[PDB]
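# Observations on the model geometry
Single-letter residue listing:
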Amino acid sequence: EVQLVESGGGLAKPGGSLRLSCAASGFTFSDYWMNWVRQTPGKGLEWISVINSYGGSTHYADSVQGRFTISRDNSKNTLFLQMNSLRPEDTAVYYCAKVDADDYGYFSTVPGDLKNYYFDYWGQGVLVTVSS
Amino acid sequence: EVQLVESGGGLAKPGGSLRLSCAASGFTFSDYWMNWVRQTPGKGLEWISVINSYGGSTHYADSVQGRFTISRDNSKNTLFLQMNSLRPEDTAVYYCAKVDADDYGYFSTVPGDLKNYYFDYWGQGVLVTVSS
Amino acid sequence: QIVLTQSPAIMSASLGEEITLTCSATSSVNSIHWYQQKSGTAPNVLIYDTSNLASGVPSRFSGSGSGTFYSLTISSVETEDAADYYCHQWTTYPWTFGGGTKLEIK
Amino acid sequence: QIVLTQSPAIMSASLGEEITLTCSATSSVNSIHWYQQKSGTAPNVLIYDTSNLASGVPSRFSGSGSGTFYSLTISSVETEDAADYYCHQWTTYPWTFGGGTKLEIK
Amino acid sequence: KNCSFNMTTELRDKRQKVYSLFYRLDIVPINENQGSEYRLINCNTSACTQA
Ligand SMILES: *[C@@H]1O[C@H](CO)[C@@H](O[C@@H]2O[C@H](CO)[C@@H](O[C@@H]3O[C@H](CO[C@H]4O[C@H](CO)[C@@H](O)[C@H](O)[C@@H]4O)[C@@H](O)[C@H](O[C@H]4O[C@H](CO)[C@@H](O)[C@H](O)[C@@H]4O)[C@@H]3O)[C@H](O)[C@H]2NC(C)=O)[C@H](O)[C@H]1NC(C)=O
Ligand SMILES: *[C@@H]1O[C@H](CO)[C@@H](O[C@@H]2O[C@H](CO)[C@@H](O)[C@H](O)[C@H]2NC(C)=O)[C@H](O)[C@H]1NC(C)=O
């Protein structure tokens, strides 16, 4: 089976900084991508960033470009997402998920490009927000 | 012999801007990399930036990423470091040094990659800080 | 950029009632992955590559489509089926999801 | 990221006293370059590639090591030897130096 | 050893990432300090031909 947990999310300061975290086990974490999505209270799901294998690229969304940064440590198999200048409207139930299959295959620029990716394994719903 | 001097450092405004400078002679400056280190008063040595032989694809430290930018002019054999938003905690005795050997050899992406680099020639200790 | 849109937004179904969920996009994609999530839980995948169903999911869920039109068909609706569903695209940027569809027991 | 650490931080030696300085890191490196600097002067290099000494430096300085453990050996200590030394790595990012070691005449 | 390396695909503009098993005898590292990066035993001498 695939066991993955995430932590580090919680209360913070509006416009300050915070760093999330996510741990994975039971598979080759160095050969699989990692995605960070957000689910605002009462609404749908929203995707904000993705990290490629070997730390190749860090494609973000237009609403979070330049504010948040995703990094990974393949040696410790720990995935941590850095949050900077987070606003109160960014409150959501963030999730840590894994793609369908490994990056081994045809690609254009980054090793995992051009491959059917669907989130098959997810973690626990962590809540990230800011307050007084 | 190798003669190299640096200037432009001194008093400035907290959070403002300043531009350092360094001149080199006696060797092919267009083929040797350049590094900028800083020694805070009473503490050890700290490295903050590095520049390639051609000027492009520079690497900086995490504490100075996005704040200080390094550029060089191979036509005049001069090197100048740009300082932006420098804080009072950044006070240190900066030094201008040259690497061991030139970038001629095997490399991965940048021409000077994968080469034993050790600072053999240094300049004069310049003091950069901010005050009222 | 591509933008997805689901229809209808809110639907009500009874026990054993045949319903149909649809997802549309502004451009053609290779496939659309359907999902389902419950309040406080993790979103699970049910149908991938528009034709293959996930492992361990019930056979009541089904779907098909091509081009810019896709759909999700639920043959039998149970009490547990009352949740929120989504549609996800992977062909082009920005990998956004659908508009979301809430299902409630009639 | 690799982090270097020297030991001891502060040492005191007399004239002609045998001492030993060591530098360690969290990961293996190809070589470690030793340095020495005086207040207001430029840091000079003494031993490079862990085995070859610099040109013009005295023969009293020596060092060896492999893996993640490295050391600096000073056979004879003079009055001028009282300074601050460092260890530098080049294999991986961020090219950081050591923790620094202050030497004073006992 | 379970190796992993980059390789150019049939498309001249694209590449592919594959994995394969190689013996330690036909594997030579670039240096004796890095570790996990290796090359073929006959790469700096000539290019082998697949039978
Ligand atoms: C097939 O080809 C692809 C495409 O080139 C290769 O992917 C590259 O692999 C390298 C080597 O792993 C990747 O570099 C990694 O980047 C991280 C640091 O990157 C930052 O800094 C660099 C500049 O130094 C910037 O370009 C970049 O944007 C980032 O800001 C690190 O996570 C990686 O490891 C380093 O840190 C860890 C922890 O400290 C150490 O354990 C490591 O030893 C190392 O120091 C690493 O450097 C690169 O990002 C990838 N992409 C690209 C586009 O170049 C595949 O590796 C290759 N496959 C094979 C099998 O060869
Ligand atoms: C090709 O590369 C191999 C592998 O590096 C070289 O063989 C090494 O040569 C050095 C020379 O100092 C020896 O110390 C090593 O023991 C050799 N083996 C290995 C596994 O490193 C070889 O010399 C190179 N050249 C040719 C022409 O074969």
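Residues numbered from 1 in each chain as written, not as in the entry; some residues may be left out. Chains lettered and ligands numbered in written order. Part of a larger assembly, values for the part shown. Heavy atoms only, no water.

- Looking at the PDB entry, one finds chain C named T3_QB_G12 light chain and attributed to Mus musculus.

- The PDB entry annotates chain A as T3_QB_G12 heavy chain of Mus musculus.

## A word on the overall build of chain A
- Along chain A, the regular secondary structure elements total zero helices and eleven strands.
- For 132 residues, the compact-globule formula gives about 14 Å, and the C-alpha radius of gyration of chain A, at 15 Å, lands near that figure.
- Referenced to the eigenvectors of the C-alpha coordinate spread, the extents of chain A come out at roughly 45 × 30 × 30 Å.
- A burial count over chain A gives 50% of its 132 residues as buried. (Helix = DSSP H or I, 4+ residues; strand = E, 2+ residues; numbered from the N terminus. Rg over C-alpha atoms; globule rule 2.2 N^0.38 Å. Buried < 20%, exposed > 50% of the residue type's maximum accessible area, 1.4 Å probe, protein only.)

## A look at a nonpolar patch on the surface
Residue and element names in this part refer to chain E.
- There is a patch of nonpolar side chains on the surface, built from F5, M7 and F22 and spanning about 240 Å² of accessible area.
- Looking at the element boundaries, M7 is found in strand β1 (residues 2–8).
- A relative accessible area of 36% places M7 in the partly exposed class. (Patch = residues over 30% accessible without salt bridge, like charges linked within 9 Å, V, L, I, M, F, W, Y side chains within 5 Å. Areas by Shrake-Rupley, 256 points an atom, 1.4 Å probe, with all protein chains shown as cover. Salt bridge = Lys/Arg side-chain N within 4 Å of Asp/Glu carboxyl O.)

## Here we look at the site of ligand 2
All names here are of chain E.
- Surveying the vicinity of ligand 2 reveals the residues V28, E32, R39, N44 and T45.
- A distance of 2.3 Å separates an oxygen atom of ligand 2 from a polar side-chain atom of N44.
- For ligand 2, the accessible surface in isolation is 570 Å², of which the surrounding protein chains cover 26%.
- In terms of residue class, the shell around ligand 2 is built from one nonpolar, two polar and two charged. (Near = heavy atom within 4 Å. Polar contact = N/O pair within 3.5 Å; in protein donor to acceptor, adjacent residues only side chain to side chain. Nonpolar A, V, L, I, M, F, W, Y, C, P; charged D, E, K, R; others polar.)

## Things to note about the site of ligand 1
- Taken together, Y54, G55 and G56 of chain A, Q1 of chain D together with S4, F5 and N6 of chain E form the complete shell of residues around ligand 1.
- More than one chain lines the surroundings of ligand 1; the residues nearby belong to chains A, D and E.
- Here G55 of chain A contributes a backbone N or O atom positioned 2.7 Å from an oxygen atom of ligand 1.
- Contacts to ligand 1 include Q1 of chain D, whose backbone N or O atom sits 2.6 Å from an oxygen atom.
- For ligand 1, whose unbound accessible area comes to 1100 Å², protein coverage reaches 41%.
- Tallied by class, residues from the shell around ligand 1 come to two nonpolar, five polar and no charged.

## Some points on the nonpolar core
- If you look at the biggest cluster of nonpolar residues, it comprises 48 residues, and the most contacted ones within it are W36, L79 and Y94 of chain A.
- At the level of secondary structure, the elements contributing two or more residues to this core comprise β3 (21–25), β4 (34–39), β5 (45–51), β6 (68–73), β7 (78–84), β8 (92–98) and β11 (126–128) of chain A.
- With sequence-adjacent residues up to four places away left out, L79 of chain A is seen in contact with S21, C22, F29, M34, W36, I51, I70, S71, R72 and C96 of chain A.
- Ranked by size, the runner-up nonpolar core spans 47 residues in total, among them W33, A92 and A97 of chain B together with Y86 of chain D. (Core = buried A, V, L, I, M, F, W, Y, C linked by side-chain atoms within 4.5 Å. Contact = heavy atoms within 4.5 Å.)

## Focus: the pairing of strand β9 (residues 84–89) of chain D
Residue and element names in this part refer to chain D.
- Within β9, six of the six residues are buried, leaving the element largely enclosed by the surrounding structure.
- Of the two faces of β9, the one lined by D84, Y86 and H88 and the one lined by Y85, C87 and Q89 are each fully buried.
- Bridge count between β9 and strand β10 (residues 101–105): two bridges; the pairing is antiparallel. Bridge assignment links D84 to a residue of β10, and that residue is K102. (Pairing = 2+ DSSP bridges.)

## Re the interface of chain A and chain C
- At the junction of the two partners, chain A supplies 19 residues and chain C supplies 17 residues.
- Buried surface at the junction of chain A and chain C, both sides included, amounts to about 1600 Å², of which 64% is carbon and sulfur.
- The largest share of the area that chain A buries against chain C comes from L45, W47 and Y118 of chain A, three residues that together contribute 33% of it.
- Where chain A touches chain C, the interface holds zero salt bridges.
- At the boundary of chain A and chain C, one finds six residue pairs in polar contact. (Buried area = accessible area lost by both parts, 1.4 Å probe.)

## So, the sheet that holds strand β7 (residues 61–66) of chain C
All names here are of chain C.
- Here we have four strands laid out as an open sheet, ordered β1-β3-β8-β7, and antiparallel in their pairing. Looking at strand neighbours, the two that pair on one side only are β1 (4–7) and β7, the edges of this open sheet. Shown here is a sheet whose adjacent strand axes are inclined to one another by a mean of 20°, direction ignored. (Axes fitted to C-alpha atoms, helices over the stretch in contact; angles between N-to-C directions.)

## Description of the pattern of salt bridges
- The tally for this structure, following the rule as stated, stands at 21 salt bridges over all chains.
- The partner of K98 of chain A in a salt bridge is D120 of chain A, and the shortest N-O contact between them spans 3.1 Å. Here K98 of chain A is found in strand β8, whereas its partner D120 of chain A is found in the loop between β9 (106–107) and β10 (121–122), with 22 residues between them in sequence.
- Here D90 of chain B ties to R67 of chain B by a salt bridge, and the two come within 3.2 Å at their closest N and O atoms. With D90 of chain B in the loop between β8 (78–84) and β9 (92–98) and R67 of chain B in the loop between β6 (59–60) and β7 (68–73), this residue pair connects regions lying 23 residues apart in the sequence.
- For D90 of chain B, a relative accessible area of 5% translates into the label buried.
- On the basis of relative accessibility, which here comes to 12%, the residue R67 of chain B falls in the buried class.

## Section: the sheet that holds β1 of chain E
- Strand order in the open sheet formed by three strands is β9(A)-β2(E)-β1(E), and the pairing between neighbours is antiparallel. A strand with exactly one partner marks an edge of an open sheet, and here the two such strands are β9 of chain A together with β1 of chain E.
- Taken together, the two bridges between β9 of chain A and strand β2 (residues 15–21) of chain E define a ladder with antiparallel strand orientation. Paired with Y106 of chain A across the bridge in β2 of chain E is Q16 of chain E.

## Some words on the side chain of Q89 of chain C
Residues and elements named next belong to chain C.
- Within the secondary structure layout, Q89 lies in strand β9 (residues 84–89).
- The buried category is assigned to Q89, whose relative accessible area is 0%.
- Separated by 2.4 Å, the side chain of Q89 and the backbone oxygen of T92 make a polar contact.
- In contact with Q89, other than residues within four places in its own chain, are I2, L4, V29, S31, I32, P94, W95 and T96.

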